[PDB]
Amino acid sequence: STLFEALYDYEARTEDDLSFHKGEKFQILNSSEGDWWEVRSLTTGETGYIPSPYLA
């Protein structure tokens, strides 16, 4: 349920994951898979996956 800003730019590896850019805002919907987390961007509204150590 918590939010975060992108620490550095990123570009989707499978295409079911989400791409990002320095200082873009996002929020976590689910973290339970440990390694990859269900994310949504707040700036645009795009939803997908990211690797968890991107913020954690």
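FYI, it's all coordinate maths here, none of it is from the lab. Note that each Cβ is placed from the backbone with ideal geometry, even for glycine, and that neighbours are counted across all protein chains shown.
List, please: which pairs have Cβ atoms under 8 Å, are six or more places apart or on different chains, and start with a residue in region 2-13 that is free of Cβ contacts under 8 Å to residues at least 40 places away in the same chain and end with one that is aliphatic (A, V, I, L, M)?
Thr2/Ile28; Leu3/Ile28; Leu3/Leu42; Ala12/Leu18
I'd like to verify a number: residues in region 2-56 that are part of a loop (DSSP other than H, G, I, E, B) and of a type in the set (D, E, K, R), how many?
10
Considering region 32-51 alone, what residues qualify as being more than 18 Å from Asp9 (Cβ to Cβ), surrounded by 14 or more Cβ atoms within 10 Å (Cβ to Cβ) and either among the aliphatic types (A, V, I, L, M) or over 8 Å from the mean Cα position of the chain (by Cα) (or both)?
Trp36
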